[PDB]
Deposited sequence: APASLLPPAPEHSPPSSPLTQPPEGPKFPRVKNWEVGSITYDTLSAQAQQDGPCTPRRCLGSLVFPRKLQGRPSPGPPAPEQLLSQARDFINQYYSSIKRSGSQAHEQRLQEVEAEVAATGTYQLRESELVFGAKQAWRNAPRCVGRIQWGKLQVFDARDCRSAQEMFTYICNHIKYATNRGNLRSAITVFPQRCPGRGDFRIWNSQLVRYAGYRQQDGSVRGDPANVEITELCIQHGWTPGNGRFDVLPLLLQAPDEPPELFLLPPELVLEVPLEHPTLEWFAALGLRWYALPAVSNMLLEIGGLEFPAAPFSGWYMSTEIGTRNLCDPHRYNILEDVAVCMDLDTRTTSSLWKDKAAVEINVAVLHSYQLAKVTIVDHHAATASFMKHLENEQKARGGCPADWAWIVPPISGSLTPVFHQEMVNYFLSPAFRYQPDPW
C-alpha cells in the first residue's frame, strides 16, 4: 500500500483504497503518463455485483436477505434481458459515488449534496430539452447555485444512445474567420460549426450562447435554443481598475458538463449532464488567459501600464492575478456562487481527511487538483496523491459526430 506524505505538516498515511482499483490507467513501472489529458454478460454481472455490494454496504445491509435478493434478481435479469435496471435509490447512490470517485475534481467535499433528477423515462429529444431546461433552472437558482445531475436513459441493446453533443450546457460560440483568427471562444469552434450546419443562424459577438444539439436514439441531432432568461451571466468588472469593464467581458454562472459518460454497476448512461459552481481560476486563469482561449492577458497587462517587453517584470503574473480578482468581485457583486482557489483547496484537504477515515484513501490527480495560478500557495501542492480509477465513475467518451 502506497505511503503518502504531506510535506507542509509532516503527515503520513497509506492509501489502502487504491488496492481496490477497478480498472487500469496509463502508467507502467517503465514510464509514468500521469500528465496525459486522456489516460459480455459475465463482466456486466461482475461489475453489477460489486456495485450492489457497495450499495448495501452504504445502507448497512451487507450480507442481508435484501442484499442477496437483489444480487439474485440482477443475475436473473441479465440472463433474461442481457442487462438490468437500477432502483431509484441505487441510481442516487451511484451518481454521488461517481462524483466522489472523480480524481480530477477539487470540489468533492460537496459530494453527498447532489440533486439527482431521474430522466430515465425520457422518450424524445423534445422531452430531453425540457428536462435540461429544468436542470438549468434548478441548479442556477437565481445565483445561489445547487449541485445537480440529470440522468437520461441508459445504453441498451437494440437502440442508439441519447447524447448531448455540446460539451457543456452553456458555451460561447467560436467563429472561425479570415484573417484565420477566432471570434469568441476558440474551444467551441467545432460545435459552433455543427450548430450552423444544423440550421442555426450564427451571431457575431464574442459571448454568444450556443444552442443545444440533442440526439435521441437513432435520430439526427436536433437544435434547441435556450431561453435567454434561463442562462444567467455575469458581466466582468474590477473593483479598482475601472477601465476593466470596458473590455466587455462576461461569463456564465452555471458550469454544466454534458459530454461525459456515467457508469454505474456496468450500466452506461451516455447522457447525464451534471453541474456545480465555478472555482474562479477556471474562468479567470484558464478560460480568459489561456493563449488558445480568450487570450486577454497581454491586453490587460498593457492597460495596467505594466512593462511587457521583459519577462522578469512578472507582468503576466500581475495581470492574471487582477483578472482573477475581477472574476471573484464580479460574481460576488452579482450574488452568483463562486469559490476561490484558496478556499477550494482548503476544503479539498478536509475531504482527503474525511475520505482517509471513511475508505482508507482518495483517488486524486495532483496536476488537476493543484490550481493553475499560485500552486504552492495552496495546501494541495504539498500533499502527495495517488491517482486511480474507481467505479461508479464519470468517463470521457468520443464525440458523437
{"query": "Missing stretches, numbered from 1 on the deposited chain sequence and kept in order", "finding": "1 to 27, 67 to 78"}
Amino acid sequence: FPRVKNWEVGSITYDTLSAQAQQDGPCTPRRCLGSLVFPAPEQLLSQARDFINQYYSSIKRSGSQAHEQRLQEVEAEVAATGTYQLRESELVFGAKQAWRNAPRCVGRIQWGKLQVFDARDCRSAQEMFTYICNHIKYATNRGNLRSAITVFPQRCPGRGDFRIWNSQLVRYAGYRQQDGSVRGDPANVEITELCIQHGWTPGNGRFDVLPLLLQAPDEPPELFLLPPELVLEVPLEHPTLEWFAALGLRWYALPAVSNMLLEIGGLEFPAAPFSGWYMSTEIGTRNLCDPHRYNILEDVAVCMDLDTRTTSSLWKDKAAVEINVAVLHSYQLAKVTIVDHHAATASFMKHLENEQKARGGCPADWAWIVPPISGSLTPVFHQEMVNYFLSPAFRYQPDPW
From here on, numbers count along this sequence of modelled residues.
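For clarity, a rigid core is taken as the largest C-alpha set superposing within 1.5 Å between two forms.
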query	finding
Higher-deviation segment by CA RMS in 7 other deposited structures of this protein, core fitted, 171 to 179 or 129 to 137	171 to 179
Comparing 258 to 266 and 72 to 80 where Cα RMS over structures and residues is taken in 7 other deposited structures of this protein (core fit), larger one	72 to 80
At least a third of other PDB entries omit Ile369	no
Unmodelled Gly63 in at least one third of other entries with both flanks present	no
118 to 126 or 254 to 262, whichever carries the higher mean Cα B-factor	118 to 126
Average Cα temperature factor in the PDB entry - higher stretch of 283 to 291, 185 to 193	185 to 193
Identity of residue with top Cα B-factor, from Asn387, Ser391, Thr378, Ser11	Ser11
Options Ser58, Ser35, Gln332, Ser374 - largest CA temperature factor per the record	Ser58
Modelled-residue ranking by C-alpha temperature factor, third containing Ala343	middle
Third of the chain, ranked by Cα B-factor, where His135 sits	lowest
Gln110 - which third its CA temperature factor falls in, relative to the rest of the chain	middle
Among modelled residues of the same chain, the CA temperature factor third for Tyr172	lowest
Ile369 - which third its CA temperature factor falls in, relative to the rest of the chain	lowest
